[PDB]
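# Chain and residue survey
Below are the chains, spelled out letter by letter.
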Amino acid sequence: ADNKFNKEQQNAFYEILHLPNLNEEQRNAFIXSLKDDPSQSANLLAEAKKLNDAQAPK
């Protein structure tokens, strides 16, 4: 776990991948913005986790 991105970007990557409430292809807008601009990774992470929270099973 290193030869992909930097610490923040990669941690964000796996955190977004860890999000089970997020739509496969929401996850894959985030992951595929992560890999256009890997400087938005923190924002993408925050939004993704937020949306994962919002999309929690009801």
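Parameters at a glance
Residues numbered from 1 in each chain as written, not as in the entry; some residues may be left out. Heavy atoms only, no water. Residues with missing side-chain atoms left out of burial classes, pairs and counts. Salt bridge = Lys/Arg side-chain N within 4 Å of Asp/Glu carboxyl O. Buried < 20%, exposed > 50% of the residue type's maximum accessible area, 1.4 Å probe, protein only. Helix = DSSP H or I, 4+ residues; strand = E, 2+ residues; numbered from the N terminus.

Method information in the entry identifies solution NMR as the source of the structure.

### Focus: the pattern of salt bridges
The tally for this structure, following the rule as stated, stands at 3 salt bridges. Of the charged contacts, one joins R27 and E24 as a salt bridge, the two residues approaching to 2.7 Å between their closest N and O atoms. For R27, a relative accessible area of 10% gives the class buried. With its nearest N and O atoms 2.6 Å apart, the salt bridge here joins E47 to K50. Residue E47 and its partner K50 are located together in helix α3 (residues 41-54), separated by 3 residues, close to a single helical turn. Owing to a relative accessible area of 27%, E47 belongs among the partly exposed residues under this scheme.

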